[PDB]
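Have a look at the structure below, then the notes.
Each answer follows from the model by the rule given with it, or from the source it names; these are not laboratory values. Neighbour counts are summed over all protein chains in view; Cβ atoms, including those assigned to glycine, are modelled from backbone coordinates with ideal geometry.
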Amino acid sequence: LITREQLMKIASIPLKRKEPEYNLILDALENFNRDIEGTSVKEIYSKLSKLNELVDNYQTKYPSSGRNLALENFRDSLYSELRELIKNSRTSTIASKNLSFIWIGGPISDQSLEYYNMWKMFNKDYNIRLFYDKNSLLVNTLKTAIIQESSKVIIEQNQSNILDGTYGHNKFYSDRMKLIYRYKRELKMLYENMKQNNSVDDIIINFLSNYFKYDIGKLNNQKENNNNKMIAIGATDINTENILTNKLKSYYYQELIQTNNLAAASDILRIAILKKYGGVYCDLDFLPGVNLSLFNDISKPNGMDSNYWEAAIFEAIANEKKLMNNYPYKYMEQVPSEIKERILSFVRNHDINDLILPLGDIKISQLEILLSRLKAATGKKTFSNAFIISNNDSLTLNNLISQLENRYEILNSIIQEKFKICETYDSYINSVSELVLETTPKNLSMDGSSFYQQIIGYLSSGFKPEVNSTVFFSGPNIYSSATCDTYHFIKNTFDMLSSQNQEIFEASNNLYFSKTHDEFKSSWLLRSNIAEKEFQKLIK
């Protein structure tokens, strides 16, 4: 347990009177040791949350007190107590048997249909759903149009000037963005006028035909095609369930219309799905967990990248065990013939259910969510929002929704009316910039500061070559902060958790496989390959 009240006099300073707010801690510690019976897990969490607040209050009132170091060590044991509470509250409690995927804003790929089927094959004890937005199936076409059509206009305004004239070090994206801003701004004007009567797609069809003279008939044909494919896989339409509501519903359409960011939209939708159904959410790039242990008595080639080696293992399973029709040996090319045949013979001599792992019953504490934690650039792991396990009544989930709402409200409170006012992008980033420096709170951690610095480059994300704003607003960073909220008994922090501490909220590796072709194809999002504008000056 936590230490005893008498024991807690490691916090005594010789001949120093006890302060009233010190006694408060001493009383809360007194009762906590006794009153943990006739109790609930959440009320224990709240009592640990009171103890943490009392410590804060003391340390705040007496910044220079000699008791502080003792009380900080004491506070650390609240974390260890939280850790114990989490571990034994995931006893005899499991995640709902829902498995959810999302694919919104365009046609689904045929590889995704294979991956989805793979999940279906190995988890027949789950209700598996694939969520899409029937009303917004042209968002991907819209984003392309915005980019391609604005690229054209700016390249041709500078036809001769391509001989490093004035268009060097990609002054392109600066001028292109000024125009992309105008497009987005006129689309929002359209949207506001039509939204009561029209679907996002109808609004897009209106926008693309009136502004770029795109043919209605073709756009209509893309829609049906897109929708028929979703009908064929038995996708569930989100418009027809109460999944998105109130604030989240707003941010969803904001990502759909104002920023045209489907990844951000799908980050929002993710959260709403889990709060409605709970269970597992998975990215269509991942596959059921593979039993990689069994392949330990096969030594990976000296040159091999560990990831590509494991990718190759699965290609063998997929192929020999005939799990997928369209999964080539792309990463087994690198492997020499002798090793490949050991893999292939190892596969054929093992049972299929010995190789691929089912999700089964996942023990989960009502305090936690479980998250994928993938290796990053440095070789260190980091939270990913590609695989999330949570019941809907989860504390960390409420902190997650709180994080998202908090970050979006802050952002919209400074950009939205200035998007309504500012008629040009220059004027936009000036008016927005002054607002940043006037409203940023005084004392923000390294991270709190990093966050507010992102607001300016929000609109440009995905349109300017190396701006990735949405990690801070809907992506992984809000997960490590919602996790930090829970573990440190606070709310709406911008702070993040240490590797050691993140391990607590980590979803096991047996639960998902991430070394897949479509996943490696997604890793092209962060590259120095931004000078390949030369790919489209060749186009027109």
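For residue 78, are the conditions met, namely being touching an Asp or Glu at 6+ places or on another chain (Cβ under 7 Å) and within 22 Å of residue 497 (Cα to Cα)?
In short, no.
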(request) Scan segment 399-446 residue by residue and report those that are over 18 Å from residue 254 (Cα atoms) and either assigned by CATH to the domain that holds residue 251 or acidic (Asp, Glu) (or both). (result) 423, 426, 434, 438
(message) Any residue that is assigned to a helix (DSSP H, G or I) and among the small types (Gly, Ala, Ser) - is there at least one of those in segment 277-292?
(response) no
(message) Against the condition surrounded by 13 or more Cβ atoms within 10 Å (Cβ to Cβ), assigned by CATH to the domain that holds residue 304, over 26 Å from residue 92 (Cα atoms) and within 20 Å of the chain's Cα centre (by Cα), how does residue 355 come out, does it pass?
(response) no
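Are any residues in segment 153-177 assigned to a helix (DSSP H, G or I) and surrounded by 15 or more Cβ atoms within 10 Å (Cβ to Cβ), and if so, which ones? Walk me through it before giving the result.
Kept after step one, since they are assigned to a helix (DSSP H, G or I), are these residues of segment 153-177: 153-156, 160-162, 172-177.
Passing the criteria: 154, 155, 172, 173, 175, 176, 177.
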(message) Can you find a residue that is surrounded by 13 or more Cβ atoms within 10 Å (Cβ to Cβ), part of a loop (DSSP other than H, G, I, E, B) and not assigned by CATH to the domain that holds residue 257 anywhere in segment 35-49?
(response) yes
(request) Out of the residues in segment 341-352 that are in a helix (DSSP H, G or I) and of a type outside the set (D, E, K, R), state the one that is surrounded by the fewest Cβ atoms within 10 Å (Cβ to Cβ). (result) 345
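So which residues in segment 251-263 are part of a helix (DSSP H, G or I) and under 18 Å from the mean Cα position of the chain (by Cα)? Steps first, answer last, please.
Of the residues in segment 251-263, the ones part of a helix (DSSP H, G or I) are 251-258, 262-263.
251, 252, 253, 254, 255, 256, 262, 263 - these are the residues of segment 251-263 that are part of a helix (DSSP H, G or I) and under 18 Å from the mean Cα position of the chain (by Cα).
What number of residues within segment 204-223 satisfy the criterion of being under 28 Å from the mean Cα position of the chain (by Cα) and not basic (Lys, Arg)?
Filtering segment 204-223 for residues under 28 Å from the mean Cα position of the chain (by Cα) gives 204, 223.
If we keep only those that are not basic (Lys, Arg) too, we end up with 204.
Here the count works out to 1.
For segment 255-275, check the following and say yes or no: at least one residue is basic (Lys, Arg), surrounded by fewer than 19 Cβ atoms within 10 Å (Cβ to Cβ) and on the phi < 0 side of the Ramachandran plot.
Here is the first cut: in segment 255-275, the residues basic (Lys, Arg) are 270, 275.
Those still in the list that are surrounded by fewer than 19 Cβ atoms within 10 Å (Cβ to Cβ) too: none.
No, every residue in segment 255-275 fails to be basic (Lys, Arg), surrounded by fewer than 19 Cβ atoms within 10 Å (Cβ to Cβ) and on the phi < 0 side of the Ramachandran plot.
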(request) Filter the helices (runs of 4 or more DSSP H) completely within segment 425-540 down to those with at least 2 residues that are surrounded by fewer than 17 Cβ atoms within 10 Å (Cβ to Cβ). (result) 425-439, 446-452, 499-502, 517-522, 534-537
(message) residue 302 - would you say it is part of a helix (DSSP H, G or I), free of Cβ contacts under 8 Å to residues at least 60 places away in the same chain, over 27 Å from the mean Cα position of the chain (by Cα) and surrounded by fewer than 23 Cβ atoms within 10 Å (Cβ to Cβ)?
(response) no
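Take segment 38-63 and flag every residue that is hydroxyl-bearing (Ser, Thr, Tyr) and either closer than 15 Å to residue 21 by Cα or under 30 Å from the mean Cα position of the chain (by Cα) (or both). Before you say what the answer is, go through the steps one by one.
Let us first name the residues in segment 38-63 that are hydroxyl-bearing (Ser, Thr, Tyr), namely 39-40, 45-46, 49, 58, 60, 62.
Residues satisfying the conditions are 45, 46, 49, 58, 60, 62.
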(request) State all residues of segment 315-340 that are part of a loop (DSSP other than H, G, I, E, B) and within 31 Å of the chain's Cα centre (by Cα); if no residue qualifies, say none. (result) 323, 324, 325, 326, 327, 328, 329, 330, 331, 332
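Given the criteria surrounded by fewer than 15 Cβ atoms within 10 Å (Cβ to Cβ) and under 29 Å from residue 260 (Cα atoms), does residue 76 qualify? Before the answer, list the steps.
Working: surrounded by fewer than 15 Cβ atoms within 10 Å (Cβ to Cβ): yes; under 29 Å from residue 260 (Cα atoms): no.
No: the conditions fail for residue 76.
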(request) Being part of a helix (DSSP H, G or I) and under 20 Å from residue 363 (Cβ atoms) is the filter here, so list the residues in segment 81-126 that pass it. (result) 81, 82, 83, 84, 85, 86, 87, 88, 89, 122
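Residues checked against (1) of a type in the set (D, E, K, R); (2) without any contact (Cβ under 8 Å) to a residue 40 or more places away in the chain:
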residue	(1), (2)
115	no, no
119	no, no
124	yes, yes
133	yes, no
138	no, no
141	no, no
151	no, no
156	yes, no
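Looking only at segment 1-21, filter to residues that are among the polar types (S, T, N, Q) and surrounded by 12 or more Cβ atoms within 10 Å (Cβ to Cβ); which one of those is farthest from residue 45 (Cα to Cα)?
Only one residue fits best here, namely 12.
Please tell me if residue 529 is under 30 Å from residue 391 (Cβ atoms) and either among the small types (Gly, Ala, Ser) or not assigned by CATH to the domain that holds residue 47 (or both).
No; evaluated as a whole, the condition is false for this residue.
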(message) Anything in segment 1-34 that is without any contact (Cβ under 8 Å) to a residue 24 or more places away in the chain and in a helix (DSSP H, G or I)? List them, or say none.
(response) 20, 23, 26, 27, 31, 34
